[PDB]
Amino acid sequence: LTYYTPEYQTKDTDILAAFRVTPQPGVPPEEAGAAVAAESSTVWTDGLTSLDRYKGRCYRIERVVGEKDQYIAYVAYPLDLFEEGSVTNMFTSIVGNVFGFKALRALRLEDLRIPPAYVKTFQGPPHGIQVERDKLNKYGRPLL
Amino acid sequence: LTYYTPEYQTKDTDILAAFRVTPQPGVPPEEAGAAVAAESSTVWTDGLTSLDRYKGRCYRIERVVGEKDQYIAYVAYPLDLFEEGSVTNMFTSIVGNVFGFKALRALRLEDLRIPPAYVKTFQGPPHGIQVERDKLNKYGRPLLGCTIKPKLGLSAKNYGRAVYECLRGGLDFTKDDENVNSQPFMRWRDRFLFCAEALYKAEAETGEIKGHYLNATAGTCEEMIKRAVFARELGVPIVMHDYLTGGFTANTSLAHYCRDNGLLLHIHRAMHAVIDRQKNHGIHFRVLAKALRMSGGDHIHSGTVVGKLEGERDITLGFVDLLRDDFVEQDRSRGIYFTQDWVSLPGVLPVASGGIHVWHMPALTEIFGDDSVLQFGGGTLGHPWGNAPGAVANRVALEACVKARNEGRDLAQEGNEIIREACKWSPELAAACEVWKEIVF
Amino acid sequence: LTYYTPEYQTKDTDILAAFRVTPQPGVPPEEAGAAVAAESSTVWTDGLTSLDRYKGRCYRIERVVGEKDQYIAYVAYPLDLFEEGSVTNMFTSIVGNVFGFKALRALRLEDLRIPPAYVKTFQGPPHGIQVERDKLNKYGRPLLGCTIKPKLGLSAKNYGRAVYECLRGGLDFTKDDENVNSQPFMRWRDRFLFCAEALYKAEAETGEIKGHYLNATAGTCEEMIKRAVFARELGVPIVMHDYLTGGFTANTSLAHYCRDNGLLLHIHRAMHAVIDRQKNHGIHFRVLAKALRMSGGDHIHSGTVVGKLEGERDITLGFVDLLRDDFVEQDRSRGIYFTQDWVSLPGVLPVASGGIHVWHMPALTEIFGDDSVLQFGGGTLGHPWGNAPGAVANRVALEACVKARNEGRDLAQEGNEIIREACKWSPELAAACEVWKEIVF
Amino acid sequence: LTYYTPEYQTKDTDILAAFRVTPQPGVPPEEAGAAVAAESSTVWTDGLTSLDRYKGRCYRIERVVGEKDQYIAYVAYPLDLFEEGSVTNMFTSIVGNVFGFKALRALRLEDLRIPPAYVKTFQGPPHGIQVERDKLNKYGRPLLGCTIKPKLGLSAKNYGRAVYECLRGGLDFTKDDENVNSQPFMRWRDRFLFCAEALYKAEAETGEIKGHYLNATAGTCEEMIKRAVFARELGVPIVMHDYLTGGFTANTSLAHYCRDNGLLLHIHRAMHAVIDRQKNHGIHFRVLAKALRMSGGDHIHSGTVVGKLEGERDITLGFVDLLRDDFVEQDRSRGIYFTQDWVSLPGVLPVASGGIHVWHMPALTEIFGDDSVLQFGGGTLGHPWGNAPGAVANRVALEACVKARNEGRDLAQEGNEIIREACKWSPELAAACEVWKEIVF
Amino acid sequence: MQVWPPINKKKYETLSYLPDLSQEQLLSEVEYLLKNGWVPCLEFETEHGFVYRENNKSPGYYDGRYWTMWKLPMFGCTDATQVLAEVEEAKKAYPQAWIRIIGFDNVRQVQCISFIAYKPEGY
Amino acid sequence: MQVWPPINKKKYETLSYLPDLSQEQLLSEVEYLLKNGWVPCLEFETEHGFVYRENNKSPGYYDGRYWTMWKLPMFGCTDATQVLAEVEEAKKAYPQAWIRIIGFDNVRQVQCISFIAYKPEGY
């Protein structure tokens with residue numbers, strides 16, 4: 001429980017996910033959130049880097065009161081983990097290995113805080129709402 | 001209820017799906033299955049075609065006794081609905097709109113009978129099991145792989161040395177983790193250059209063909225082909241793609257690039273448990289690999305078994321066959337809801353992965369047999385004496401498992417024992433049996 | 001004075017500049033700093049946007065006490081003003097219109113805080129210090145270089161022999177001078193072919209990777225890439241570009257060509273003293289190298305130090321860090337007016353150059369340490385016994401400086417002495433200590 | 001002092017520079033000029049060539065009486081030193097190493113005599129004044145331009161409308177500001193599509209060829225050509241490049257792309273005051289435009305004049321001629337330190353810009369005459385009645401200035417008056433004379 | 001904690017990180033081959049018994065995978081001891097050679113076996 | 001005025017244009033390594049101790065940069081004399097090999113050292 005970090009202060013170059021984890025009976029919520037984070041690393045060669053820079057931190061665990069006993073574990077992923085401008089990579093690195101962990105009944109990814117330093121590595125909409133209306137010269141209603 | 005057709009006789013040019021539907025209380029099962037089929041059409045212009053030719057028929061509904069009250073509705077989709085050679089299309093047309101119907105609590109796709117007339121519109125594996133062994137000149141055992149660890153963490157020269165220590169120790173293959181693409185610490189083209197160096201060295205050391213699954217996955221079609229193109233420039237034998245985060249459109253393009261260029265493709269199934277873990281909703285991994293045998297890959301991760309045990313080991317054994325075999329006939333205990341005639345599409349080699357280290361060797365060797373890849377991360381890297389000792393250690397363990405099977409011993413019972421014998425004559429393996437037995441016996 | 005904003009709280013997606021403004025007598029400092037910021041906008045259509053989002057804020061003005069009465073006005077530029085990944089744009093938008101304002105006697109750009117959200121839009125060094133050492137397999141010292149002399153003058157086979165004598169003597173790298181492109185006496189493609197020959201020979205002689213900074217600079221984008229393309233054809237490790245005469249647009253294109261092709265880039269900063277020498281007008285070299293760490297280069301000339309001494313050695317040490325380090329926090333004595341978080345952009349290796357020969361070795365070795373290139377022209381070529389003796393002579397001098405530092409001696413005081421010890425056991429180096437001491441002690 | 005050559009007779013294949021050197025106290029002027037020249041070479045291998053052929057000769061030193069004690073040292077550079085057709089090379093070889101010599105306080109390059117044998121290695125303007133007027137079919141006045149404002153701020157449809165209002169009001173040309181490339185608010189290709197639309201409309205409204213200086217400047221060679229290519233796709237007549245932030249390598253590539261595709265090139269000199277403002281250090285703008293007439297551009301910004309007055313108006317008039325004329329002989333009061341024979345390289349049209357609105361019209365018209373572009377930002381956009389009224393307003397003002405000159409009136413004295421006459425018969429212009437006279441008479 | 005040799009641990013794939021098989025262990029292998037239906041054959045290499053790439057370095061192109069066949073496949077052999085006579089005759093002729101026993105599975109149209117039967121002196 | 005040998009001045013990068021380090025000079029180096037926080041490791045080459053390019057000649061591709069690791073990194077070693085025992089054991093096994101002491105800087109994720117510890121006879 002070196003991935004459950006109550007004391008972590010988030011960086012602004014962090015991908016934060018908010019996972020609703022429903023642990024297996026008996027997984028402590030702490031150990032559940034730290035488990036979600038830990039699907040980031042494991043050791044040996046590890047002494048040739050500092051794994052401390054490439055790990056998910058389950059910095060906070062909240063209790064989903066009354067929707068059952070589920071928890072919103074908040075993982076924080078370093079910017080260095082992701083390939084700039086690749087949603088295929090951000091999804092492999094987050095939704096890639098965690099959802100099939102034995103110690104999890106069912107886990108769900110609710111939200112992502114995509115930091116602006118990562119946002120900037122993306123083209124985005126080839127146009128988006130505004131240019132689209134300028135192009136199309138349609139103003140004042142929803143389009144049909 | 002013009003989509004529920006009890007009287008339909010299937011065509012041999014039909015995609016048949018077997019959907020476990022869990023209706024909303026009050027939907028009659030009939031109306032539930034007909035609803036799944038009806039996500040095929042609706043009317044007006046409809047009088048300018050015959051919608052009767054472009055509709056899903058829920059021809060049979062079975063009751064999933066005791067797993068709750070769920071039903072296996074059998075839909076039958078006409079061939080004309082699908083774009084020849086497009087797994088992106090077969091998934092849009094089937095898993096595209098049905099799973100979100102109000103009158104369905106949770107629906108799950110369990111199997112697909114991909115007709116031979118559709119099978120034939122696909123290239124398949126750029127190589128598949130046989131050419132792969134011919135190319136690689138490896139016969140008689142499951143092949144061995146080492147997964148470099150940590151995934152994200154080290155530099156390129158480091159990844160690259162891990163690779164070599166491991167491969168000189170007698171494993172055959174090393175893997176870029178699924179998360180390793182090009183990233184600030186280790187950018188692709190240098191990982192490629194150093195892993196190339198490392199494998200030619202290890203191969204000139206052993207005398208056995210070695211190779212590294214270079215992860216060609218990227219964020220645009222163009223960059224994926226760019227990386228693939230550079231593996232080709234090195235003369236290296238295999239590249240890798242995660243097919244669910246990258247995509248089926250893209251996967252199929254890496255897979256035709258490798259056929260035409262002679263590279264093998266190790267497909268990693270990252271993200272699959274998002275779709276395939278739950279029993280009542282999703283698409284079942286056997287469907288997700290029929291989609292890969294058609295889209296194309298030469299290796300596909302099938303997970304581990306000795307951990308997740310017997311009874312469920314039967315559905316693992318059901319889709320390994322669906323992957324490897326030319327015809328997997330109907331066997332509803334291994335989860336084959338339909339016979340499948342692959343009409344000479346190459347087979348994909350199962351990669352077993354996770355939890356593994358040596359007392360697994362005989363079991364794995366038995367669940368899977370010869371046609372598999374036993375991929376160790378910690379089983380190798382987490383050896384006492386490091387990387388090459390770990391490689392030698394899983395390897396002589398495997399070859400002990402081959403010899404024992406070959407001189408008719410039963411790996412299923414003598415297993416642990418067979419490995420007992422092997423520890424004894426190997427130093428390297430013995431220190432692996434110790435940390436083994438730090439949790440073994 | 002709607003651009004002078006005392007109350008502005010900076011955003012972390014702001015380019016902050018620190019301009020030393022020397023106003024015209026009578027401009028209030030406030031009005032001076034607001035004037036620098038105001039070169040961002042003017043009005044009418046302005047009511048069809050909010051100019052409030054696209055203006056430079058002179059949020060703080062400091063008084064440069066005693067260097068005259070000058071002021072360090074701090075402007076803050078929004079992220080939306082810049083084209084992602086374009087140093088040509090960041091320089092047009094900042095140094096583009098302000099330095100010629102009537103109400104300014106002379107203005108100077110001292111530093112830039114390039115936010116991480118902008119940092120991320122740049123490729124950076126095609127390699128940078130680490131991969132460079134991994135590639136080159138050189139660890140433990142500053143690397144050595146020889147500059148062929150005369151620059152313009154000899155033929156191609158001559159340039160090419162100078163190169164080899166020098167590189168077989170144990171230097172690691174040789175340089176085409178900045179003025180050498182293709183010229184009547186020595187046309188590029190033959191300089192490339194003979195310097196290629198020369199370096200493979202020298203490397204097969206030593207057993208150490210050798211390389212020549214081939215000057216790919218030319219007059220069109222096309223010809224620069226043409227020369228670069230031919231280095232790639234030889235398998236040679238490094239090419240060179242002067243980034244201020246060629247351009248930032250072009251530099252960035254040579255730098256993405258080398259990333260994608262695995263060539264290192266030695267950037268030469270010719271023309272920089274035209275912009276960066278004067279204290280009261282121009283752009284300060286630390287800004288001109290933040291622009292290169294982003295546009296891309298693997299080596300950048302940082303000049304020499306032991307000549308231009310202590311106190312000013314502190315701002316050299318301020319931008320070597322800005323070049324080499326992941327985060328160079330705020331230190332207004334080394335001239336860092338702002339913290340800089342490089343968010344894992346590779347570092348550029350400082351090339352120290354000019355005035356150098358051996359009693360410089362320990363000092364240089366100390367100012368710079370391991371991560372630098374000590375580039376000798378005359379320190380090597382102007383040796384008594386010629387080129388290879390000069391190479392051996394700077395080299396054993398350096399390695400004496402490494403060993404001494406390593407067995408805790410203080411190069412800063414024992415230096416001259418350390419070199420004294422070394423002369424003694426080396427013939428080659430001793431004759432270099434003589435001509436050394438034709439001006440030494 | 002083997003580089004100070006009082007006796008050298010210049011060759012006609014020599015690049016001559018005229019450096020204003022301000023030596024360090026104690027450097028003899030002779031030793032100062034010889035020092036500037038000596039940054040051409042140094043010795044050993046030197047005996048394998050004759051360095052006597054590849055050295056700068058400081059053949060004459062003059063005393064800059066009374067501007068301080070500074071000297072105009074005249075260096076003479078051999079043709080063989082330069083790569084044919086490369087301004088990146090001519091600037092590396094001259095302004096590349098000299099300006100940072102310890103024995104120089106501040107050195108400034110005032111002029112260059114680019115020999116005709118070197119002139120001939122350059123394409124020059126893709127068109128130049130004449131073809132430009134033939135193409136555009138405009139004869140008899142300076143052409144008019146409107147600069148859209150705010151630069152960074154509005155959307156693409158907005159930039160695009162400003163453009164049209166302005167161009168239908170009779171201006172000929174509109175400009176993307178130098179900072180406008182592709183940016184979050186306004187991405188390039190849409191600015192290109194809407195400015196294309198806007199100009200064809202304005203031109204079908206007037207009947208006069210209209211065009212927009214589309215800023216093709218970008219961060220890589222590749223993207224600059226990509227934008228240029230799309231202007232070509234629209235059939236639009238002119239594109240734009242800032243040649244000092246983008247680069248000379250790049251500039252030359254946009255300039256040969258436009259010759260070969262028939263687009264005109266408006267060159268913006270952003271960043272120039274960083275190098276050319278100080279009197280004692282830098283390179284003087286006349287050198288920076290000889291470099292552009294050779295690298296290539298069809299228009300070049302020369303700044304404004306009526307603001308920065310007579311005496312200095314003489315050096316403006318010295319480099320407009322250097323730009324526009326086939327031969328500008330020696331005239332050391334207009335700052336021509338050397339005769340220049342341009343041997344039929346096309347002339348570049350001066351763009352006068354900044355501070356301008358109508359009582360400037362006769363003066364401008366007189367400083368510059370017919371061969372210029374009068375570019376208004378606020379002179380047009382900041383009109384009371386908006387954009388098209390401002391266009392008509394600068395335009396009839398200019399045509400009044402043409403008619404008056406043509407019927408022999410003296411714009412130099414009657415000017416203000418001539419405009420007085422014009423206000424009267426124009427509504428549109430009269431309201432411009434009002435806000436004029438909110439600061440006029 | 002040990003080091004595994006960079007020199008001289010040249011391998012001949014299946015079964016070569018095991019002790020050398022005694023004629024008993026070789027016989028049981030040849031008898032397995034046979035109990036699955038697979039035709040045994042012998043390959044022998046005199047000239048460098050390791051893959052290499054001289055002719056071309058393309059993806060999955062290697063020189064040295066092919067050895068010379070020693071006689072033919074022992075189609076319809078039922079007695080594995082017939083077979084060991086061949087390893088042993090070949091070995092007379094070629095004390096040089098590395099011999100390997102391969103097997104053909106005509107049901108799958110593929111070679112399924114390859115184990116080194118005789119390493120030449122000091123291999 | 002002298003000539004420097006075209007034959008036989010093969011070099012092993014850092015510290016190799018110096019006299020050969022005595023076990024004292026080697027020890028002080030290993031003790032420096034250690035006083036900066038860097039994990040020492042030994043590489044040993046039996047087979048040609050010089051870079052070459054056989055496999056591919058691309059920009060910055062060279063064969064021969066990688067040697068075999070002699071055991072592992074001496075993670076948390078505090079006594080440099082522990083280390084010299086390894087140079088000396090390796091050397092028993094491989095009188096053949098060129099041994100070199102390398103070091104890992106896990107703070108920067110990079111190898112920082114490489115000095116030749118034992119040149120094989122006549123190197």
# chains A, B, ... in the order shown; residues from 1 in each chain; ligands from 1
>>> interface_residues(of="chain A", to="chain C", cutoff="12 Å", atoms="only C-alpha atoms", output="ChimeraX atom specification")
/A:11-14,53,78-85,115-123
>>> write_last_selection(atoms="C-alpha atoms", output="PDB file, in the first residue's frame")
ATOM      1  CA  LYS A  11       0.425  17.996 -10.126  1.00  0.00           C
ATOM      2  CA  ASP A  12      -1.120  19.948 -12.865  1.00  0.00           C
ATOM      3  CA  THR A  13       0.520  17.563 -15.249  1.00  0.00           C
ATOM      4  CA  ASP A  14      -1.284  14.567 -14.069  1.00  0.00           C
ATOM      5  CA  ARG A  53       8.185   8.729 -10.883  1.00  0.00           C
ATOM      6  CA  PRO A  78       2.188  11.137 -14.308  1.00  0.00           C
ATOM      7  CA  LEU A  79       2.407  13.019 -17.681  1.00  0.00           C
ATOM      8  CA  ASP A  80       5.533  11.025 -18.689  1.00  0.00           C
ATOM      9  CA  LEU A  81       3.522   7.866 -18.967  1.00  0.00           C
ATOM     10  CA  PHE A  82       1.648   9.014 -22.055  1.00  0.00           C
ATOM     11  CA  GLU A  83       2.542   9.436 -25.598  1.00  0.00           C
ATOM     12  CA  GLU A  84       1.830  13.015 -26.593  1.00  0.00           C
ATOM     13  CA  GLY A  85      -1.310  13.197 -28.673  1.00  0.00           C
ATOM     14  CA  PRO A 115      -4.150  18.114 -17.848  1.00  0.00           C
ATOM     15  CA  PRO A 116      -3.728  21.149 -20.310  1.00  0.00           C
ATOM     16  CA  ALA A 117      -0.084  20.097 -20.974  1.00  0.00           C
ATOM     17  CA  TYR A 118      -1.458  16.906 -22.353  1.00  0.00           C
ATOM     18  CA  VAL A 119      -4.479  18.628 -24.022  1.00  0.00           C
ATOM     19  CA  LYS A 120      -1.960  20.575 -26.055  1.00  0.00           C
ATOM     20  CA  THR A 121      -0.527  17.543 -27.663  1.00  0.00           C
ATOM     21  CA  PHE A 122      -3.830  16.952 -29.553  1.00  0.00           C
ATOM     22  CA  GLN A 123      -5.233  18.529 -32.811  1.00  0.00           C
TER      23      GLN A 123
END
>>> atom_distance(atom1="atom CA of residue 7 of chain F", atom2="atom CA of residue 59 of chain F")
26.9 Å
>>> residues_around(residues="residue 416 of chain D", least_positions_apart="6", cutoff="10 Å", atoms="only C-alpha atoms", output="list in words")
residues 358, 359, 360, 361, 362, 363, 440 and 441 of chain D
>>> write_last_selection(atoms="C-alpha atoms", output="PDB file, in the first residue's frame")
ATOM      1  CA  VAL D 358      -4.152  60.841 -44.784  1.00  0.00           C
ATOM      2  CA  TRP D 359      -1.913  64.105 -44.304  1.00  0.00           C
ATOM      3  CA  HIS D 360       0.848  61.668 -44.845  1.00  0.00           C
ATOM      4  CA  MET D 361      -0.433  60.861 -48.292  1.00  0.00           C
ATOM      5  CA  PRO D 362       1.417  63.598 -50.350  1.00  0.00           C
ATOM      6  CA  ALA D 363       4.739  63.188 -48.382  1.00  0.00           C
ATOM      7  CA  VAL D 440      -4.088  68.011 -37.198  1.00  0.00           C
ATOM      8  CA  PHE D 441      -5.034  71.764 -37.791  1.00  0.00           C
TER       9      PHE D 441
END
>>> interface_residues(of="chain C", to="chain B", cutoff="10 Å", atoms="only C-alpha atoms", output="PyMOL selection string")
chain C and resi 123+127+130-131+133-135+137+259-262+343-346
>>> residues_around(residues="residue 143 of chain A", least_positions_apart="4", cutoff="10 Å", atoms="only C-alpha atoms", output="list in words")
residues 133, 138 and 139 of chain A
>>> interface_residues(of="chain E", to="chain F", cutoff="12 Å", atoms="only C-alpha atoms", output="list in words")
residues 1, 2, 3, 4, 5, 6, 7, 8, 52, 53, 54, 56, 57 and 58 of chain E
>>> write_last_selection(atoms="N, CA, C and O atoms", output="short mmCIF file (atom, residue, chain, number, x, y, z; two decimals), in the first residue's frame")
data_model
loop_
_atom_site.label_atom_id
_atom_site.label_comp_id
_atom_site.auth_asym_id
_atom_site.auth_seq_id
_atom_site.Cartn_x
_atom_site.Cartn_y
_atom_site.Cartn_z
N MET E 1 25.85 -16.62 -6.56
CA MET E 1 24.77 -16.37 -7.51
C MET E 1 25.60 -16.45 -8.78
O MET E 1 26.66 -15.84 -8.78
N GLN E 2 25.17 -17.22 -9.78
CA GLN E 2 25.96 -17.47 -10.99
C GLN E 2 25.65 -16.69 -12.27
O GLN E 2 24.62 -16.04 -12.48
N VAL E 3 26.66 -16.79 -13.12
CA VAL E 3 26.70 -16.23 -14.47
C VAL E 3 26.53 -17.45 -15.41
O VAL E 3 27.02 -18.58 -15.12
N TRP E 4 25.82 -17.20 -16.53
CA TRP E 4 25.59 -18.21 -17.55
C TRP E 4 26.51 -17.77 -18.70
O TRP E 4 26.65 -16.55 -18.92
N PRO E 5 27.21 -18.73 -19.37
CA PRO E 5 28.31 -18.44 -20.27
C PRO E 5 27.83 -17.77 -21.54
O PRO E 5 26.92 -18.23 -22.23
N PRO E 6 28.48 -16.63 -21.83
CA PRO E 6 28.48 -15.96 -23.12
C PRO E 6 29.25 -16.80 -24.14
O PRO E 6 29.00 -16.73 -25.35
N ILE E 7 30.24 -17.60 -23.73
CA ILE E 7 30.90 -18.43 -24.72
C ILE E 7 30.42 -19.83 -24.47
O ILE E 7 30.17 -20.31 -23.37
N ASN E 8 30.25 -20.39 -25.65
CA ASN E 8 30.02 -21.80 -25.82
C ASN E 8 28.74 -22.33 -25.22
O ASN E 8 28.72 -23.48 -24.80
N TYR E 52 22.21 -17.97 -39.65
CA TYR E 52 23.01 -16.79 -39.91
C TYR E 52 22.24 -16.07 -41.01
O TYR E 52 21.11 -16.45 -41.30
N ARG E 53 22.65 -15.01 -41.65
CA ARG E 53 21.88 -14.39 -42.69
C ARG E 53 23.04 -13.82 -43.40
O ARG E 53 23.78 -13.07 -42.79
N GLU E 54 23.24 -14.16 -44.66
CA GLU E 54 24.41 -13.80 -45.45
C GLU E 54 23.71 -13.29 -46.67
O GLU E 54 23.80 -12.14 -47.07
N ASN E 56 20.66 -12.35 -47.35
CA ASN E 56 19.64 -11.31 -47.39
C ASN E 56 19.26 -11.13 -45.92
O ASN E 56 19.34 -12.07 -45.13
N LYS E 57 18.96 -9.92 -45.50
CA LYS E 57 18.65 -9.69 -44.13
C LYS E 57 17.20 -9.29 -44.03
O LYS E 57 16.89 -8.41 -43.25
N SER E 58 16.22 -9.84 -44.75
CA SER E 58 14.83 -9.31 -44.66
C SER E 58 14.14 -9.94 -43.46
O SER E 58 14.51 -11.05 -42.99
#
>>> atom_distance(atom1="atom CA of residue 107 of chain B", atom2="atom CA of residue 60 of chain B")
15.8 Å
